[PDB]
Structure formats: structure tokens, C-alpha cells
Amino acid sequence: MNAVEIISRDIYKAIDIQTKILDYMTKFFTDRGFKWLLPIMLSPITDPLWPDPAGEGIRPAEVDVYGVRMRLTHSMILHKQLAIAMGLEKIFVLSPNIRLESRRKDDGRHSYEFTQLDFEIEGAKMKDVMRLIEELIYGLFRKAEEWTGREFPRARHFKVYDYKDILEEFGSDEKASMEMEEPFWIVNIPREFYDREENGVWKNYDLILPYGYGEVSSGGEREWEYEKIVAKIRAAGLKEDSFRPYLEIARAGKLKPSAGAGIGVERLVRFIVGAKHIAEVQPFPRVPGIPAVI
């Protein structure tokens, strides 16, 4: 779409809903004693997004700052762990992510710029975080019924499936989404170095929306031990050089066990509004593979 066409759309309703969602979600966390952090957009280090069955192996956008290469935020995962290392205990941030994925990921829920409500909790287990998210989502859906007068899924807790079993039964997370009528969990997904792996089991979780809307949240317990972290990085063919300051902190023994998740705000807006494509709820669309004109 061209500039004038974009500004001509009627997205008042979507933005009204977005406002209510942000109000609800931020209060949910501050009510429970979480600290509210501001995002970082440039850093020597960022989320590799690899290995990850959900990705194609993209490289972060990079810009020089005073002669030094910085990466644009893929996600603040590493910085969340660092915030826990600073003793903040329970944190969240409204974090813009930049992920320059290909046209092949333009499936209606992807956007090359998007904001996650990203949170982390010192000492938490996967069960704790999944339960917290269920509490948030159930509460959100009840409020949405009041806001819209429409019905939303009423489940207070969601069924749990192993990634391996999803592949066997449905073939893909996307096909699973199409068949379900309530949100559900996919757990135990082999992916990035920071997700906690124990004896072949990955302590992680993705929340998937029903009716084909796809993944809305992703998280896990974390690795915190230097030796384990470095082995995982090397095994994936990644470079220690790409994580130098983070690995210095890990080597010093300053990472702590924690668990967390990120929640796609615009993906939730899309679900509540019932929009076919996420672009319909964004003032300034950022469609994968298509450089925005504004």
C-alpha cells in the first residue's frame, strides 16, 4: 500500500482494543510486583533466533555506533537474563523487535517490526510461567467479551502437547492451530542456547491460538551455566565471539536460574478484532519481505 492508502484505513476499533489490552497487560504485571523496564534497540549482542524450527536463520540488521558494530534487537532475551543478574527479581518490558524475515513467513501473524510484552522471573519453573500466562489470557478474554460483546474461548487452563507429538498428529503447529477451538501449549522444542535443556528434554513452551491464528507467546526456563551454554553455542555452529560480554557474565557465575516468556501484543489485538492479516490492526504495516513506504 502507498502512503495515502495506508492513512485512509479505518482502524479506530483495533486501536481502541489495543489500548485496553495494553492497559490490562501492564497492570497485570505491576499488580504482581514486576518491575517495568525500558527497551534497548542496539547492542553488541542479540537473540540468534537459531537453531529454531520456527525460523529460517535470519541475520540481525546491523548499524555502526561510533565505529562499533551494533545489532538491532532480534529479542531482549539475553538482556532479560542480565536484568535478573542485576537482582531485579521480576521484570517486564514492552520490547520492539526487528526481524527481517522473508516473504515465506508472511502468513498473517508475522510482522518485521513488532512489540512483545517480554517478562522474566528469577527462579521460576515452566509450570509457574505457563500458569501465569493462563491467568493473564483467561482474564483478558473475559474483559474482551465486555469490550466487544463477542464470545471468546472460556478455558481457564490449556491442554499441553509435546512438539514431537504435534508433528506426528497434525504435521505442523499451523495445522494444529487450524483444528483447535481453544488455546493450547506446545512444549519441549529443541531450539536456542538460552532455553534450558535437561537430559534431552527442553523446558520451554509456546502458546498457540485456535482457529488458525497461530503462536501468540513463547518462552522457557533458562540455561545459566557457562560450560553448558558455550557447548550449545558451539554445537549449533554459532560463534562465541557473537556473545562475548554475555559469556563474560556467565563465566563469572552471575547468571541465575529463571524462566520467562514474550507475548505478541499485535497478535492478540488481531485475535480479539478477528482480523485476517495482522497488517489490518497496525497503523504502519511492516509486512515480511515488503519494505514499508512509511
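Start at 1 and count along the sequence shown; that's the residue number. In this text, the rigid core denotes the largest set of C-alpha atoms whose superposition between the two forms falls within 1.5 Å.
Put simply, when the other structures in 5 other deposited structures of this protein are lined up on the rigid core, the C-alpha atoms of 104 to 112 lie farther off than those of the other stretch, from 72 to 80 and 104 to 112. Per the compared records, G57 is unresolved in at least a third of the other entries whose models span it. Averaged over CA atoms, B-factors in the entry run higher in 146 to 154 than in the other of 146 to 154 and 69 to 77. The deposited model assigns a higher average Cα B-factor to 160 to 168 than to the other stretch when 160 to 168 and 202 to 210 are compared. Across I121, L82, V93, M180, the entry's maximum B-factor at the CA atom is seen for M180. Per the PDB record, residue ranking by Cα B-factor puts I98 in the lowest third of the chain.
In this PDB entry, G253 carries a Cα temperature factor that places it within the middle third of its chain's modelled residues. Residue-level temperature factors show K125 in the lowest third of its chain, judged at the C-alpha atom. In the deposited entry, the Cα temperature factor of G262 places it in the lowest third of its chain's modelled residues. In this PDB entry, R104 carries a Cα temperature factor that places it within the middle third of its chain's modelled residues.
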